[PDB]
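Enquirer: here is my input, please return the structure:
(chains A, B, C, D, E, F, G, H, I, J and K)
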Amino acid sequence: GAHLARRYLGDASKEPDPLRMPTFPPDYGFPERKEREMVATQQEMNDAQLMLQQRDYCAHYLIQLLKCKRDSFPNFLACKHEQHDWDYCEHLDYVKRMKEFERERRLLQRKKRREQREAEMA
Amino acid sequence: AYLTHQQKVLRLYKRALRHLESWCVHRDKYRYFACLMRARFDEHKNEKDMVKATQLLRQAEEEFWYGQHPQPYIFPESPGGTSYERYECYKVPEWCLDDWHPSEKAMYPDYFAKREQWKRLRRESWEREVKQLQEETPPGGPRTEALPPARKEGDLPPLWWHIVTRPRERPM
Amino acid sequence: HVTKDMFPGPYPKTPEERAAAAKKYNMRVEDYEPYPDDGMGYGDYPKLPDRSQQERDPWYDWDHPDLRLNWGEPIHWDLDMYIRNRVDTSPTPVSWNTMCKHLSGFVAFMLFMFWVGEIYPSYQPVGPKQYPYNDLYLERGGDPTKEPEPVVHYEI
Amino acid sequence: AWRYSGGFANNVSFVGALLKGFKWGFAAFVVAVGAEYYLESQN
Amino acid sequence: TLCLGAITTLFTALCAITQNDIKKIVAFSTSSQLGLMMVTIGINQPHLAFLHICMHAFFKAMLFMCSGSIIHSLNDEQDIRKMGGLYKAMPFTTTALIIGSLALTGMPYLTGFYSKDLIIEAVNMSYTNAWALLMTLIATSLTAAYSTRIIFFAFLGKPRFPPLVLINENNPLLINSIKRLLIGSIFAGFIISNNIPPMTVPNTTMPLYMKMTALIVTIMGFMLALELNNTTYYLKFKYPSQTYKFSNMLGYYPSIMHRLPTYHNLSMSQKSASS
Amino acid sequence: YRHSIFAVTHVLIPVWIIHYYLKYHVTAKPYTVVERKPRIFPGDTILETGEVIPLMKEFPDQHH
Amino acid sequence: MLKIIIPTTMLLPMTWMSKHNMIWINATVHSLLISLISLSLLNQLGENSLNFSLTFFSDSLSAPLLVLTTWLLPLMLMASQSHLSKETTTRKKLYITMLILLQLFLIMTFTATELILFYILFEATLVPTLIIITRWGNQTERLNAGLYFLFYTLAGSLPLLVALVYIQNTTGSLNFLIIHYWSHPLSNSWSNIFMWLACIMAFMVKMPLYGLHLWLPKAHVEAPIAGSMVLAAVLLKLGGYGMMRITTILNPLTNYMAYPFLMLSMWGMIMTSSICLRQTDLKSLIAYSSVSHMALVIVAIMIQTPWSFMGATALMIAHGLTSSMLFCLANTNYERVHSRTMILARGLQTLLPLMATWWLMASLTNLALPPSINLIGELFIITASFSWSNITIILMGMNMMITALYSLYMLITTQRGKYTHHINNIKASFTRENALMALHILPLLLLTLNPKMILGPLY
Amino acid sequence: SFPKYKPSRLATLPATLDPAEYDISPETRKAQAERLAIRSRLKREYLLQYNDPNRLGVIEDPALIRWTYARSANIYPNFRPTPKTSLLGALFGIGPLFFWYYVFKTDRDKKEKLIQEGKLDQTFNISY
Amino acid sequence: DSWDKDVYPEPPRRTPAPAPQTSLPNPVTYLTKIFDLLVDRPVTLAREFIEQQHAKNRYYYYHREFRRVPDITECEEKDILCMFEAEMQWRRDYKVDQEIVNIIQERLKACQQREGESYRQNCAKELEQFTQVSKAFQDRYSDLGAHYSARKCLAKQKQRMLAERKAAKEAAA
Amino acid sequence: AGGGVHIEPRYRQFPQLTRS
Amino acid sequence: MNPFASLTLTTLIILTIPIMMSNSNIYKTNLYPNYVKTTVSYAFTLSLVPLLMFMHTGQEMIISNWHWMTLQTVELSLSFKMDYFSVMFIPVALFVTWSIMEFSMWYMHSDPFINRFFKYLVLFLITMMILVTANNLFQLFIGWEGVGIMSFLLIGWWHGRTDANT
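Expert: Numbering: from 1, shown residues only, chains lettered A, B, ... in the order given. Find the structure here:
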């Protein structure tokens, strides 16, 4: 990634540290940011014997892989589109992950330039 | 004891080719550089100054130690080889057969009978061979460990039992 | 069998008794030497050159081929250290100090940049793992009676 | 001389060792792929 | 464990390439592998590490009796300097060796692919130590590097064994034993990975240039290692490189550990302690 | 016959004594054969109650 | 107990009046029979110890140790009819007289209901032993060894005698029960500290002790084989058994005035184990090995922890059975080579296959690998020490290092390797030797099934 | 040339490139010759007893018994109390004992200092 | 069963209904059936054979009930007889208590494996059950030494009331 | 002892293989 | 309570049978290696069945057999953990061991102590399944040194060699 080069070898003050952010408020710059949704209640995900590290938002697409795999036994190549369906939403929320990483980065650049601009202006 | 100067050259040459074989690996290159190695040997052969030779040996082996392979090639059945006394576990001294139970001894009748012939023959020839040993000791004690051969007729070489009856290198 | 006259005794003070001490260890006066008279209790036992059993020539026949000692030759005071199985002092191809320099260099070389590797850790230009139900506070052992701190993420 | 002559010569190049059986491999590819292509066409 | 895992991968593999005994080189390759899963253990990937044990079990064990097949047949000689030309002379073992070598490199759609590339893909796609990543990447390239050395010296070369040749594998015990592990290694990971339930989260959104690096790094590890190994064909002046003098002698580790502390504690027992 | 007698001696007899040990001695004491809870998913009827757990609510239905 | 004490005495008139050559056979079979009778004491209630009478009482500590003594008596008798059959009948009969008397004192000592009653015969074991080392020993230094052993344990026994009678004059009877129930917290006054030393040094000088371990290499190595087992298998436990019995009127002074002894034992065992790693005599290596294990027992008692005592009893009996078996191993070579240097007789696995095996699991049992009660002994002490202090494991486990190197080093040097060329006396192992050694290791493995018996009073 | 090999006690100088053997003098000539002589006396007499078909015992080795005696017994009668032995005994003796006393007491005092006001967590520690 | 279901609580067993989606036969049902008529049936038949043989003559056994004892706190000082009776009373109380915590400890382990990876939130009641018992054990029997006695246990208990009430009254003010 | 194995050793020439 | 309990544990006890028969010394002292291999082959086929059982559903089980010790509050008892890690590694470990056992008949077909060698391999094999299948840390310890010590004898198979002992 170019982010490490821009941080360690570049202006580290303008690079969002993964541990630091989220720092800015959700709606800061976002008029009516909409909350995430969870179709599956924690009861069934708990019931589905799903790992906590796997107990994410996209786990709602995971709970039926094991069901169909159990029904597909012994045929292990039955669920292909369904398995593909889960890893797609994995991609989508993963895609969400660096856009918000960049969103806070762009906010960081925007705030930093604004403060310097007004500092010399005032 | 005394390792003559031409002997050490022979040993150094032998170890050089073994090390050169390990470095070259491939046969045609092995024959290539060994001939070059040979070519740089025979031309320093007609020197009348022994001081030159020992001085030559100095930096020559100093070159040998620097250029030695950190993992030289040894055949498995030699000191450092992968089969060094790996068959020593199976070998057993011959005298242990005297402890065998008579039922076991009777289960190998003819061989044990031949063992008796070897035992009796060694018992008889022991007096003759020790007498020969004491009769030709160099003055002032034994000068060298080399054993003298059986001189007369109808005898056996002195101090022969263990070397002749040593367990085979392939005992199983 | 063995008598009291041939046995380890006191430090060789006079050369005449040093000659007797040499014969005591079936060795000659010119090469015979004792341990330093440090009061450590070595007595007259010689300190032979510190050569392990591997240094001995294997092709030469030994009365004890497994450990390469002949009969009656006065063995080293510390044979158990220098036996074939135990500690050895065979000459390595490269010098010991160079052995230490490169080895101690490598471990410090390996360790030091691992610290600066932690100073600048490698990651992805990516955000953190979001999680629902207040980042699974209830399912991570959190007390249900204790009010879960409201945590919930949005879209972008 | 024998190490470089006789049947022990004509050593295969390094890559050919990895590509051992490629001829029959690709031969089995077309039949299997063609079988799938018609089966998918029927589907 | 990232610290221990990373160094273990390098040093074992670094000493692996410059060795000569077939058993030594293979073993060093194992110890390089045991360096791998603990690297994966650190970054919340235990099950992939455990899965890596399964796939590694198949081909790594296989590489041994195939080398054992060569060793016993060619009069119990373990020095790679004494084989060559066994490709067309030992067909089944040569096939078995190269199958294990390819599997050991994580080459796609095989036993190694279903474990190693997912491991290399996962290790970069996480918040880890930077110095560990460089070492795992280099180790994988070195992992292929000594694999070429084995195939190059043992098989793809002019014969070098003693004159009377006794090489043979027609014994059914040898053939069936290796064959079972062969047909195991070809599929193994395909069956297991498709069959075991999802137990982790396989990351998907991820750029190309570290997606391909699971196989990119070993392509060079095949490439320049082949170039440097075949350089021995050219008649060239022999010179022991210092790094080779370090690597070939097991990185100097036994000559200090197995001599310095062992001497001191034993001497402390004699001079001090007992006396 | 050699394969058959080996099968009975080393499989049939051992499995019988283990099962007898397990069924009436090991499982006689509580929590000696405790197993993981049988994993079930929405849309599956639980055997001893016959209740079909209601299907998980509608999916967002986003594919590739 | 009378069901054991009287029969043990009754062998003495029988052995002294048995036939000329029936001495060993008759004595052994009833000696085994007595051990069978002594098996009756393994049962212990979940409460107060089995108190047969005011004269004798047995607890869950004495009974496992008692059976070890009774099971031992066949083992010296069966280990000694080879190096003594060349002596006259009367001296051979006298040898049985010492051994039977040695047992009788041990049985009465371990079962004494009175502290001072314990003291007499616990000290009185010196006389039968001192005869064994000095009379039938097989080396010159045995005489200086006898003086070393006798004086070294007597130097501590007398201060205990003055201490015990002082407790009588201040607290009345020293019955083990009334002592336990009538306990007074020991003050930190200087007199109580000196009383603490007197009541402890007598037992602590007896196992080994680092600094007071100099008698084991003199005694054990020079003692006759029948005796040599006893100086390491059971009498070392007399110094042990005293510790847990006496450390009930010293609390809490043992809480503080134990660091010098705990510190001496912890570092000491590392030193003496390192001695084993660089020893020359087979017996001395075994004896010094017994020092390290026994020093581990010394450490265990001085924390006064339920887990510590719980593994303390197991370690003692496990070590005692092993050290005897290893001393059998030294004897087996000693008859053939007639010397005790280790490197003299290397390469025995090729010549003696089964004797190599007997040397094998004996070494592993000394290695203290699981589940052998040597492991369950040491491992329990590790946790007790670890709870007492976390740094202990650094010193604790480092002993597991040395005890691993020298144990196989003794094995590797003797059994493995090329056989000695010049020897031609090694014959097939006598069925006496192999059968004896099986009677050592087999109950030791059989005890692994239920170490609940050997665990001790704390369990 | 190139760098040579510097030796150490643990990594001895190879006794082949050592300058001592390369230069030779007549005094050294019989010096090594008498090495063979004394070795031959030891070997031949041992082999004579070794090959004796009636010797059914052990050929005693004087070097072994002297080594054991010197390493075990003939040490204290030759021990002399001198400074270096005095400090070495004190250092390798009471040294580690008192050093271990400090750290273990340091652990103990810090440990019980923690629990007397409740600065330790052992809510589940019951089988001490 | 051979144990009460309350002191060994068991959540209701919930097992899925086999739903075959793939028309190809699954094996796992067949080998269970093969095992049933090859191993399970002879084992049950043998079990029935000695069950009716056991019922031929079934002698009884009970547990020795121990009468309540005046414990240490009311025992007369230096009275060895009452102290011996009371010391055994506390000694027996230790072992039943050791089995009290053994049941709770073992029940704690049963929940962890039964609930799979969901153990963290399911075994929350089980966790606090162990917390209410383990903590009391420290202030009831722990740190009593190898030579523990009820007097020392009573001494520690008296230290507890003195220590906590002194703080309580001072804090109350 | 008795030889007659399915293979036979060769001297510096290619050893015989088999169809299988 | 399906056969999952019996099947997994039978694999361990079946592996012990060649060792128990070897203790008789009237055993198959001529074709011992073939007897050992076919035993591992049987256990391999049997050990498959617990796999597909977990494969079909995921029934991970704990087998707390005979109660060994009651250390105060600590109850040490022989307990096998049939986790996914144990349930599938056993077939893999049995598969490789079967594969090499046939190779072992070929490679060391001339060792006079070949029967003793095959006895050691099962002893190492037994210690491994103890290590893999171990609930209490003590059992994990049992397999740990049990594997560790068994490596010593097997490495020192040619005990005559000095370096092998080192």
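Enquirer: where is the longest helix in chain I?
Expert: Using DSSP state H, we find that the single longest helix of chain I is helix I:80-114.
Enquirer: in it, which residues are buried?
Expert: I:82-84, I:86-90, I:93-94, I:97-98, I:101, I:104-105, I:107-114 (16 or more other C-beta atoms under 10 Å in any protein chain shown). (C-beta placed from N, C-alpha, C; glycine too.)
Enquirer: at which residues are the helices of chain K located?
Expert: Under DSSP H, chain K gives helices at K:4-24, K:32-56, K:84-107, K:114-132, K:137-155, K:162-165.
Enquirer: how about those in JSON lines, adding distance to residue E:257 and mean neighbour count?
Expert: Formatted as JSON lines, these follow (distance: least, C-beta to C-beta, whole Å; neighbours: other C-beta atoms under 10 Å in any protein chain shown):
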{"stretch": "helix K:4-24", "distance to residue E:257": "37", "mean neighbour count": "20"}
{"stretch": "helix K:32-56", "distance to residue E:257": "37", "mean neighbour count": "21"}
{"stretch": "helix K:84-107", "distance to residue E:257": "31", "mean neighbour count": "22"}
{"stretch": "helix K:114-132", "distance to residue E:257": "27", "mean neighbour count": "19"}
{"stretch": "helix K:137-155", "distance to residue E:257": "19", "mean neighbour count": "17"}
{"stretch": "helix K:162-165", "distance to residue E:257": "17", "mean neighbour count": "18"}
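Enquirer: out of those, which is closest to chain I?
Expert: For the helices of chain K, proximity to chain I was assessed by C-beta to the nearest C-beta; helix K:32-56 is nearest, at 4.2 Å.
Enquirer: find the nearest non-adjacent residue to residue A:2, please.
Expert: Among residues not flanking residue A:2 along the chain, residue C:125 sits closest, at 7.5 Å (C-beta to C-beta, 6 or more residues apart in numbering or on different chains).
Enquirer: helix, strand, or coil at the residue in chain B sticking out farthest from the centre?
Expert: Outermost residue of chain B with respect to the C-alpha centroid, by C-alpha atoms, centre = their mean, is residue B:103; its distance is 39.2 Å. Three-state call for residue B:103 (DSSP: H, G, I helix; E, B strand; the rest coil): helix.
Enquirer: ok, it to residue B:113 distance?
Expert: 16 Å (C-beta to C-beta, to the nearest Å).
Enquirer: residue H:27 now?
Expert: 59 Å.
Enquirer: burial count for residue A:58?
Expert: 18 (other C-beta atoms under 10 Å in any protein chain shown).
Enquirer: please name the nearest non-neighbouring residue to the residue in chain K sticking out farthest from the centre.
Expert: Distance from the C-alpha centroid of chain K, by C-alpha atoms, centre = their mean, peaks at residue K:72 (31.6 Å). In this structure, residue K:72 finds its nearest non-sequential neighbour in residue H:127, 4.7 Å apart by C-beta to C-beta, 6+ apart.
Enquirer: mind listing residues that contact stretch A:94-102?
Expert: Identification of contacts with stretch A:94-102 by C-beta atoms under 8 Å, 6 or more residues apart in numbering or on different chains yields A:16, A:18, A:21-22, C:124-128, C:130, C:155-156, E:203-206.
Enquirer: find the closest residue to chain B in chain H.
Expert: residue H:36 (3.7 Å).
Enquirer: in contact with that residue, which residues?
Expert: Residue H:36 neighbours (C-beta under 8 Å, 6+ apart): B:1, B:143, B:144, B:145.
Enquirer: what are the phi and psi values for it?
Expert: phi -70, psi -40 (degrees, to the nearest 10).
Enquirer: what's near enough to touch the residue of chain C at minimum distance from chain G?
Expert: Going by C-beta to the nearest C-beta, chain G is nearest to residue C:66 of chain C, at 3.8 Å. Each residue near residue C:66 by C-beta under 8 Å, 6+ apart is listed here: C:84, G:346, G:347, G:417, G:418, K:162.
Enquirer: could you measure from the nearest residue in space to the third one that is not next to it in sequence over to chain A?
Expert: Among residues not flanking residue G:347 along the chain, residue G:419 sits closest, at 3.1 Å (C-beta to C-beta, 6+ apart). Between residue G:419 and chain A the distance is 59 Å, computed by C-beta to the nearest C-beta, to the nearest Å.
Enquirer: before we move on, what SS does residue G:419 have?
Expert: coil.
Enquirer: ok, it - contacts?
Expert: B:92, B:93, G:346, G:347, G:348, G:350, G:351.
Enquirer: now the closest residue to chain E within chain F: closest residue in space, sequence neighbours ignored.
Expert: Proximity of chain F to chain E (C-beta to the nearest C-beta) peaks at residue F:39, 9.2 Å away. Setting aside the residues directly before and after it, residue F:39 is nearest to residue A:49 in space (C-beta to C-beta, 6+ apart), at 4.3 Å.
Enquirer: was I right to think residue K:145 contacts residue G:371?
Expert: No. Judged on C-beta atoms under 8 Å, residue K:145 makes no contact with residue G:371 at a distance of 9.9 Å.
Enquirer: kindly report the residues of chain D close to chain J.
Expert: D:2, D:3, D:6, D:7, D:8 (C-beta under 8 Å from any C-beta of the partner chain).
Enquirer: is stretch F:52-59 positioned near chain C?
Expert: No. Stretch F:52-59 lies out of reach of chain C by C-beta under 8 Å from any C-beta, never closer than 14.4 Å.
Enquirer: ok, which stretches of chain C are helices?
Expert: C:15-24, C:79-82, C:96-119, C:132-136.
Enquirer: how about a markdown table for those helices, with mean neighbour count and distance to residue E:1 added?
Expert: Below are these laid out as a markdown table (neighbours: other C-beta atoms under 10 Å in any protein chain shown; distance: least, C-beta to C-beta, whole Å):
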| stretch | mean neighbour count | distance to residue E:1 |
| --- | --- | --- |
| helix C:15-24 | 16 | 59 |
| helix C:79-82 | 22 | 36 |
| helix C:96-119 | 15 | 13 |
| helix C:132-136 | 19 | 25 |
